[PDB]
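Before any comments, here is the structure.
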Amino acid sequence: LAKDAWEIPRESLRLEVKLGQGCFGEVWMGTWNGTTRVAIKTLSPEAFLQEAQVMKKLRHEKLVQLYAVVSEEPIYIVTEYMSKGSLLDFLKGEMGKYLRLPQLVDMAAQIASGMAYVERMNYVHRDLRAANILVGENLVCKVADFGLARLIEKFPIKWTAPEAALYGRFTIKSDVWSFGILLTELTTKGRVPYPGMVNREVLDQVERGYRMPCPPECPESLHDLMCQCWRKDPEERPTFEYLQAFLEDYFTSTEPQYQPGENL
Ligand SMILES: N#CCc1ccc(Nc2nc(Nc3cc(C4CC4)[nH]n3)c3ccccc3n2)cc1
């Protein structure tokens with residue numbers, strides 16, 4: 001029972017409200033040391049802590065920061081608190097109506113920033129999507145849920161690169177594919193991708209070259225980025241470093257003549 005410095009005593013934690021239901025446990029919102037507001041992911045035990053394992057190694061402003069870990073049962077995992085909730089609920093909720101392409105591309109740029117770090121650290125997320133991005137104050141966005149994240153050595157198919165879904169080949173490039181899918185959730189205010197298609201149909205279609213078309217009002221340049229992310233060859237997909245820089249400069253280098261519309 002040799003715990004590390006991340007370990008803490010349950011007595012220093014006290015969940016106040018609940019934040020959501022979960023497959024492997026819940027997620028509460030409480031107080032740490034009675035002074036710092038935190039989020040807690042409650043509830044194999046050692047397997048459940050693998051997200052903390054990787055979260056201990058990752059440190060970046062665009063990744064939800066791990067604070068402490070309770071290695072006993074009920075096994076907890078304290079992290080930074082994001083006041084706005086998931087991007088998915090954010091996009092479809094009361095807030096979604098006012099977000100325009102400029103704010104949406106900035107949020108994408110931030111996510112691309114967190115993933116570029118994950119890229120440099122030679123890790124893989126494996127479950128990148130809006131439900132796993134958290135929003136905070138000032139439209140700050142951060143990557144979260146590293147339950148499946150690992151050091152590169154059925155998953156939600158609609159967000160998963162075909163080679164990862166079929167052959168188990170999860171690389172940073174399969175996260176890029178997911179990124180492209182995440183871009184459509186941003187540009188459509190969080191609609192589930194591949195409308196009307198069911199998993200089996202999506203898998204077959206994609207394999208046959210099918211790709212989602214340009215969302216209404218989204219510039220062709222942005223949709224082309226999405227298409228580079230969905231290239232059949234994992235290697236011809238852009239890096240996150242590229243995605244971060246392209247998105248950050250988007251309104252000056254790519255769409256300088258951009259004009260706001262009714263939805264984007
Ligand atoms: N990890 C993961 C997936 C995942 C799944 C569901 C949730 N729902 C969640 N979360 C909130 N705030 C949070 C959450 C976090 C850390 C992830 C635990 N910090 N701040 C949150 C804050 C306010 C309102 C609703 C909220 N609803 C959050 C995350």
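Each chain of the structure tokens is named A, B, ... in the order shown, its residues numbered from 1; ligands are numbered from 1 in display order.
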
### Neighbour list for region 117-124 of chain A as number ranges by chain, cut-off 8 Å, only C-alpha atoms, skip fewer than 6 positions in-chain
A: 58, 60, 149-152, 170-172, 175, 240

Taking only C-alpha atoms and all ligand atoms into account, produce a table as CSV in which each residue of chain A with an atom at most 9 Å from an atom of ligand 1 appears once, together with its shortest atom pair and the distance in Å to one decimal, ordered by chain and rising number.
residue,atom,partner,partner_atom_place_in_ligand_line,distance
A:18,CA,ligand 1,27 (N),8.5
A:19,CA,ligand 1,27 (N),4.7
A:20,CA,ligand 1,8 (N),5.5
A:21,CA,ligand 1,6 (C),7.7
A:22,CA,ligand 1,5 (C),7.6
A:26,CA,ligand 1,6 (C),8.4
A:27,CA,ligand 1,18 (C),6.0
A:28,CA,ligand 1,18 (C),7.6
A:29,CA,ligand 1,12 (N),7.2
A:38,CA,ligand 1,19 (N),7.1
A:39,CA,ligand 1,19 (N),5.0
A:40,CA,ligand 1,18 (C),5.9
A:41,CA,ligand 1,18 (C),5.8
A:64,CA,ligand 1,16 (C),6.7
A:65,CA,ligand 1,16 (C),8.5
A:66,CA,ligand 1,16 (C),8.8
A:77,CA,ligand 1,18 (C),8.5
A:78,CA,ligand 1,18 (C),7.7
A:79,CA,ligand 1,16 (C),5.9
A:80,CA,ligand 1,19 (N),5.3
A:81,CA,ligand 1,20 (N),3.6
A:82,CA,ligand 1,20 (N),3.5
A:83,CA,ligand 1,22 (C),4.6
A:84,CA,ligand 1,23 (C),4.9
A:85,CA,ligand 1,21 (C),3.5
A:86,CA,ligand 1,8 (N),5.7
A:89,CA,ligand 1,25 (C),8.4
A:131,CA,ligand 1,3 (C),6.6
A:132,CA,ligand 1,3 (C),5.0
A:133,CA,ligand 1,3 (C),7.4
A:134,CA,ligand 1,13 (C),6.6
A:135,CA,ligand 1,12 (N),7.9
A:136,CA,ligand 1,20 (N),8.0
A:143,CA,ligand 1,1 (N),8.3
A:144,CA,ligand 1,1 (N),4.7
A:145,CA,ligand 1,1 (N),3.5
A:146,CA,ligand 1,1 (N),7.0
A:147,CA,ligand 1,1 (N),8.1

Written file, previous selection with N, CA and C atoms, as a CSV table (one decimal), in the first residue's frame:
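Final file, result-v6.csv:
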chain,number,residue,atom,x,y,z
A,18,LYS,N,-24.4,16.9,-7.1
A,18,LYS,CA,-24.1,15.9,-8.1
A,18,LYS,C,-24.0,16.6,-9.4
A,19,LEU,N,-23.1,16.1,-10.3
A,19,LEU,CA,-23.0,16.7,-11.6
A,19,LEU,C,-23.3,15.8,-12.7
A,20,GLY,N,-23.5,14.5,-12.5
A,20,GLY,CA,-23.8,13.6,-13.6
A,20,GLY,C,-23.8,12.1,-13.3
A,21,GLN,N,-24.5,11.3,-14.0
A,21,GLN,CA,-24.6,9.9,-13.9
A,21,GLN,C,-23.4,9.4,-14.8
A,22,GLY,N,-23.0,8.1,-14.5
A,22,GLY,CA,-21.9,7.6,-15.3
A,22,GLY,C,-21.9,6.0,-15.3
A,26,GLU,N,-20.2,8.1,-10.7
A,26,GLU,CA,-20.8,9.4,-10.9
A,26,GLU,C,-19.7,10.5,-11.0
A,27,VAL,N,-20.1,11.7,-10.9
A,27,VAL,CA,-19.2,12.9,-10.9
A,27,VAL,C,-19.8,14.0,-10.1
A,28,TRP,N,-19.2,14.3,-8.9
A,28,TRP,CA,-19.8,15.3,-8.0
A,28,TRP,C,-19.0,16.6,-8.0
A,29,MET,N,-19.5,17.6,-7.3
A,29,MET,CA,-18.9,18.9,-7.2
A,29,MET,C,-18.8,19.2,-5.7
A,38,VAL,N,-13.8,21.9,-6.0
A,38,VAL,CA,-13.3,20.9,-6.9
A,38,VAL,C,-14.4,20.0,-7.5
A,39,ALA,N,-14.0,19.1,-8.4
A,39,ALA,CA,-14.9,18.2,-9.0
A,39,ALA,C,-14.4,16.8,-8.6
A,40,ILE,N,-15.3,15.9,-8.4
A,40,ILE,CA,-14.8,14.5,-8.0
A,40,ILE,C,-15.5,13.4,-8.8
A,41,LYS,N,-14.7,12.5,-9.4
A,41,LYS,CA,-15.3,11.4,-10.1
A,41,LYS,C,-15.3,10.1,-9.2
A,64,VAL,N,-7.9,19.5,-18.1
A,64,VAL,CA,-8.4,19.5,-16.8
A,64,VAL,C,-7.4,18.9,-15.8
A,65,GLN,N,-6.9,19.8,-14.9
A,65,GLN,CA,-5.9,19.4,-14.0
A,65,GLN,C,-6.3,18.5,-12.8
A,66,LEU,N,-5.5,17.4,-12.6
A,66,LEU,CA,-5.8,16.5,-11.5
A,66,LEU,C,-5.3,17.2,-10.3
A,77,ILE,N,-11.3,10.7,-7.2
A,77,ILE,CA,-10.3,11.3,-8.1
A,77,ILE,C,-10.7,12.8,-8.2
A,78,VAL,N,-10.0,13.7,-7.4
A,78,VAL,CA,-10.3,15.1,-7.4
A,78,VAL,C,-9.6,15.8,-8.6
A,79,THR,N,-10.3,16.8,-9.2
A,79,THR,CA,-9.7,17.6,-10.3
A,79,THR,C,-10.3,19.0,-10.2
A,80,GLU,N,-9.7,19.8,-11.1
A,80,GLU,CA,-10.1,21.2,-11.3
A,80,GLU,C,-11.6,21.2,-11.6
A,81,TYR,N,-12.2,22.3,-11.3
A,81,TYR,CA,-13.7,22.5,-11.5
A,81,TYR,C,-13.9,23.4,-12.7
A,82,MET,N,-14.8,23.0,-13.5
A,82,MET,CA,-15.2,23.8,-14.7
A,82,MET,C,-16.6,24.2,-14.5
A,83,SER,N,-16.9,25.4,-14.3
A,83,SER,CA,-18.2,26.0,-14.1
A,83,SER,C,-19.3,25.9,-15.1
A,84,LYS,N,-18.9,25.7,-16.4
A,84,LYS,CA,-19.9,25.6,-17.5
A,84,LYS,C,-20.3,24.3,-17.9
A,85,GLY,N,-19.7,23.2,-17.4
A,85,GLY,CA,-20.1,21.9,-17.8
A,85,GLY,C,-19.5,21.5,-19.2
A,86,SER,N,-20.0,20.4,-19.7
A,86,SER,CA,-19.5,19.8,-21.0
A,86,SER,C,-19.8,20.8,-22.2
A,89,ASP,N,-23.2,19.9,-23.8
A,89,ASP,CA,-24.4,20.6,-23.2
A,89,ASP,C,-24.4,22.1,-23.5
A,131,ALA,N,-18.6,15.8,-25.6
A,131,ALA,CA,-19.0,15.4,-24.3
A,131,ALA,C,-17.9,15.3,-23.3
A,132,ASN,N,-16.6,15.3,-23.9
A,132,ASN,CA,-15.4,15.2,-23.1
A,132,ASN,C,-14.6,16.4,-23.1
A,133,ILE,N,-15.2,17.6,-23.5
A,133,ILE,CA,-14.5,18.8,-23.4
A,133,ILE,C,-15.3,19.6,-22.4
A,134,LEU,N,-14.6,20.3,-21.5
A,134,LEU,CA,-15.3,21.1,-20.4
A,134,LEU,C,-15.1,22.6,-20.6
A,135,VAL,N,-16.1,23.3,-20.4
A,135,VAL,CA,-16.1,24.8,-20.5
A,135,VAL,C,-16.1,25.4,-19.2
A,136,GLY,N,-15.3,26.5,-19.1
A,136,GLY,CA,-15.1,27.2,-17.9
A,136,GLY,C,-15.5,28.7,-18.1
A,143,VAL,N,-9.6,19.7,-22.4
A,143,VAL,CA,-9.8,18.3,-22.6
A,143,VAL,C,-9.9,17.6,-21.3
A,144,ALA,N,-10.7,16.5,-21.2
A,144,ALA,CA,-10.9,15.8,-20.0
A,144,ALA,C,-11.2,14.3,-20.3
A,145,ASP,N,-11.5,13.5,-19.3
A,145,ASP,CA,-11.8,12.1,-19.3
A,145,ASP,C,-10.7,11.3,-20.0
A,146,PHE,N,-9.7,10.9,-19.3
A,146,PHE,CA,-8.6,10.2,-19.8
A,146,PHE,C,-8.6,8.7,-19.4
A,147,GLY,N,-9.9,8.2,-19.1
A,147,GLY,CA,-10.1,6.8,-18.7
A,147,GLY,C,-9.5,5.9,-19.7

## Note on the structure
Using only C-alpha atoms, the shortest atom-to-atom distance to residue 238 (chain A) among A:264, A:47, A:176, A:101 belongs to A:176

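Here CA of residue 155 (chain A) is placed at a distance of 12.0 Å from CA of residue 125 (chain A).
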
Fewer than 5 positions away in the same chain doesn't count, so skip those; otherwise give me all residues within 12 Å of residue 229 (chain A), counting only C-alpha atoms, as a PDB file with C-alpha atoms, in the first residue's frame.
ATOM      1  CA  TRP A 159     -16.136   9.682 -33.513  1.00  0.00           C
ATOM      2  CA  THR A 160     -13.590   6.907 -33.960  1.00  0.00           C
ATOM      3  CA  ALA A 161     -11.180   6.623 -36.857  1.00  0.00           C
ATOM      4  CA  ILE A 172      -2.547  10.341 -32.187  1.00  0.00           C
ATOM      5  CA  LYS A 173      -3.757  10.310 -35.780  1.00  0.00           C
ATOM      6  CA  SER A 174      -6.955   8.532 -34.793  1.00  0.00           C
ATOM      7  CA  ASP A 175      -7.461  11.391 -32.300  1.00  0.00           C
ATOM      8  CA  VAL A 176      -7.087  13.814 -35.215  1.00  0.00           C
ATOM      9  CA  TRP A 177      -9.885  11.990 -37.002  1.00  0.00           C
ATOM     10  CA  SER A 178     -12.019  12.453 -33.869  1.00  0.00           C
ATOM     11  CA  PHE A 179     -11.036  16.123 -33.880  1.00  0.00           C
ATOM     12  CA  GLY A 180     -12.533  16.556 -37.338  1.00  0.00           C
ATOM     13  CA  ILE A 181     -15.733  14.969 -36.035  1.00  0.00           C
ATOM     14  CA  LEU A 182     -15.574  17.350 -33.031  1.00  0.00           C
ATOM     15  CA  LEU A 183     -15.358  20.246 -35.503  1.00  0.00           C
ATOM     16  CA  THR A 184     -18.752  19.276 -36.950  1.00  0.00           C
ATOM     17  CA  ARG A 211     -17.599  11.880 -45.558  1.00  0.00           C
ATOM     18  CA  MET A 212     -19.942  14.347 -43.891  1.00  0.00           C
ATOM     19  CA  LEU A 222     -13.051  24.842 -42.452  1.00  0.00           C
ATOM     20  CA  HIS A 223     -14.775  21.850 -44.017  1.00  0.00           C
ATOM     21  CA  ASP A 224     -11.589  21.108 -45.943  1.00  0.00           C
ATOM     22  CA  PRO A 234      -3.707   7.947 -40.879  1.00  0.00           C
ATOM     23  CA  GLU A 235      -0.346   9.439 -41.923  1.00  0.00           C
ATOM     24  CA  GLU A 236      -1.717  12.029 -44.344  1.00  0.00           C
ATOM     25  CA  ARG A 237      -3.809  13.583 -41.564  1.00  0.00           C
ATOM     26  CA  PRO A 238      -2.521  16.890 -40.147  1.00  0.00           C
ATOM     27  CA  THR A 239      -0.759  17.176 -36.807  1.00  0.00           C
ATOM     28  CA  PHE A 240      -2.363  19.001 -33.907  1.00  0.00           C
ATOM     29  CA  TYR A 242      -0.827  22.354 -37.506  1.00  0.00           C
ATOM     30  CA  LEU A 243      -4.486  22.356 -36.393  1.00  0.00           C
TER      31      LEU A 243
END

#### Entry: alpha helix (DSSP H) residues, from DSSP on the backbone, in region 101-246 of chain A, as number ranges by chain
A: 101-120, 162-167, 172-187, 199-207, 220-229, 240-246

### Task
Quote the spacing between CA of residue 226 (chain A) and CA of residue 92 (chain A) in Å to one decimal place.
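Those two atoms sit 20.7 Å apart.
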
#### Entry: Surrounding residues of residue 221 (chain A) excluding itself and chain neighbours under 6 positions, 12 Å, only C-alpha atoms, as a list in words
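Once the nearby chain positions are removed, what remains is residues 214, 215, 227, 228, 246, 247, 250, 251, 253, 254, 255, 256 and 258 of chain A.
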
### Message
Show me, as number ranges by chain, the residues that have an atom within 10 Å of residue 162 (chain A) when counting only C-alpha atoms, minus same-chain residues fewer than 2 positions from it.
### Response
A: 157-160, 164-170, 174, 177, 202-204, 206-207, 230, 232, 234

Writing out the chosen residues with C-alpha atoms as a PDB file, in the first residue's frame:
ATOM      1  CA  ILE A 157     -17.739   4.578 -33.792  1.00  0.00           C
ATOM      2  CA  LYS A 158     -19.106   7.899 -35.112  1.00  0.00           C
ATOM      3  CA  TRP A 159     -16.136   9.682 -33.513  1.00  0.00           C
ATOM      4  CA  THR A 160     -13.590   6.907 -33.960  1.00  0.00           C
ATOM      5  CA  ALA A 164      -9.014   2.249 -34.650  1.00  0.00           C
ATOM      6  CA  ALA A 165     -12.566   0.912 -34.637  1.00  0.00           C
ATOM      7  CA  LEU A 166     -11.781  -2.075 -36.862  1.00  0.00           C
ATOM      8  CA  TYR A 167      -8.216  -3.067 -36.003  1.00  0.00           C
ATOM      9  CA  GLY A 168      -7.579  -1.478 -32.628  1.00  0.00           C
ATOM     10  CA  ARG A 169      -4.979   0.915 -34.035  1.00  0.00           C
ATOM     11  CA  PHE A 170      -5.269   3.926 -31.744  1.00  0.00           C
ATOM     12  CA  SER A 174      -6.955   8.532 -34.793  1.00  0.00           C
ATOM     13  CA  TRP A 177      -9.885  11.990 -37.002  1.00  0.00           C
ATOM     14  CA  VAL A 202     -21.584   4.691 -40.645  1.00  0.00           C
ATOM     15  CA  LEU A 203     -18.752   2.189 -40.588  1.00  0.00           C
ATOM     16  CA  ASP A 204     -19.592   0.782 -44.024  1.00  0.00           C
ATOM     17  CA  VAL A 206     -16.963   5.765 -44.233  1.00  0.00           C
ATOM     18  CA  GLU A 207     -14.952   2.773 -45.437  1.00  0.00           C
ATOM     19  CA  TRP A 230     -10.688  12.269 -42.236  1.00  0.00           C
ATOM     20  CA  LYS A 232      -8.175   7.389 -45.131  1.00  0.00           C
ATOM     21  CA  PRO A 234      -3.707   7.947 -40.879  1.00  0.00           C
TER      22      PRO A 234
END

### Task
Do a neighbour search on residue 263 (chain A) at 12 Å with only C-alpha atoms, toss out local chain neighbours closer than 5 positions, and write the hits as a PyMOL selection string.
chain A and resi 96-102+104+186-189+215-218

Serialized selection, C-alpha atoms, as an mmCIF file, in the first residue's frame:
data_model
loop_
_atom_site.group_PDB
_atom_site.id
_atom_site.type_symbol
_atom_site.label_atom_id
_atom_site.label_comp_id
_atom_site.auth_asym_id
_atom_site.auth_seq_id
_atom_site.Cartn_x
_atom_site.Cartn_y
_atom_site.Cartn_z
ATOM 1 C CA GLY A 96 -25.485 27.771 -28.206
ATOM 2 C CA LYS A 97 -27.757 30.267 -29.941
ATOM 3 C CA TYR A 98 -25.293 33.116 -29.645
ATOM 4 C CA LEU A 99 -22.019 31.413 -30.429
ATOM 5 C CA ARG A 100 -20.766 32.343 -33.875
ATOM 6 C CA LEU A 101 -17.920 31.011 -36.016
ATOM 7 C CA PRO A 102 -15.372 33.319 -34.285
ATOM 8 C CA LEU A 104 -16.428 28.396 -32.142
ATOM 9 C CA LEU A 186 -19.003 22.774 -33.057
ATOM 10 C CA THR A 187 -20.273 23.958 -36.419
ATOM 11 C CA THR A 188 -23.721 22.332 -35.958
ATOM 12 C CA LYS A 189 -24.237 23.353 -32.318
ATOM 13 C CA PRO A 215 -22.333 22.081 -42.473
ATOM 14 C CA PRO A 216 -24.713 24.880 -43.480
ATOM 15 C CA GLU A 217 -22.989 28.298 -43.248
ATOM 16 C CA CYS A 218 -19.591 26.801 -42.382
#
